[PDB]
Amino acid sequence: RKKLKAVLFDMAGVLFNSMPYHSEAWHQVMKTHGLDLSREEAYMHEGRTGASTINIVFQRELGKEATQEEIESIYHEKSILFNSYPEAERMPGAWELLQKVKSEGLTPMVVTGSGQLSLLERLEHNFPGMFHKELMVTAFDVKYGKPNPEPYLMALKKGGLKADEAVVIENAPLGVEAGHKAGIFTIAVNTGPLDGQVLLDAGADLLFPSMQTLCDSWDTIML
């Protein structure tokens, strides 16, 4: 890993344990609108923009595109369900891994589709001295969500990085696809209920069952 300069962290399900909340919120919001999106299906659709997930459900069952008004209202309803849960806490091992990454001289980057205000300071409270404004990719930076490679390509651009100078930590099949399509070595961390084979089919180079285990095996990963 002599060429390696940076580690590109997905947020949801990698830094913070937010996916029990996201997947239930999505299942429940659709169920209220007479629509069938299961929790496992929500997990399969992790990393998509709200506009993407809603369109998929709408085209499949109703035979229609979702309008912009219908997107914002369903996304806001889903946001209310999500926000009624106690704020997600840290993925065990993430802070320890970040410590190792930084001590190695590698640059910690964060990539997410979230449009949260006050994200940096939340990241600063939870992982002191790790992340920086100029080295963040969020919803305001990119148009598309996973499996589009654009967020990770933006992350390389902002870091001044080639594809071979970075690694992606992902937890989600569509996110893993985005990292692999961006030409970046992609490590999968299986923090949900899906089969590890689903992350492998998506293009994951390595596969670990938790963020702690990746941290423990970090100095035995070679590039």
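Each residue number is its position in the shown sequence, starting from 1.
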query: Where do the C-alpha atoms have the higher mean temperature factor in this entry, in 62-70 or in 39-47?
result: 62-70
field: Residue stretch of maximal mean CA temperature factor, 12-20 vs 211-219
entry: 211-219
- prompt: At the C-alpha atoms, which of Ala172, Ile54, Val29, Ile187 reaches the highest B-factor in this entry?
  reply: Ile54
message: Among the choices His125, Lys133, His76, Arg90, identify the one whose CA B-factor in the record is greatest.
response: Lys133
message: Ranking every modelled residue in this chain by its Cα temperature factor as given in the entry, which third contains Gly160?
response: highest
field: Chain-wide C-alpha B factor ranking for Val198, given as lowest, middle or highest third
entry: middle
- line: By the entry's values, the third containing the CA B factor of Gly115 is the highest
- request: Would you mind checking where the Cα B-factor of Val137 ranks among the modelled residues of its chain, as the lowest, middle or highest third?
  value: middle
- prompt: By its CA B factor, does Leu81 count among the lowest, middle or highest third of the modelled residues in the chain?
  reply: highest
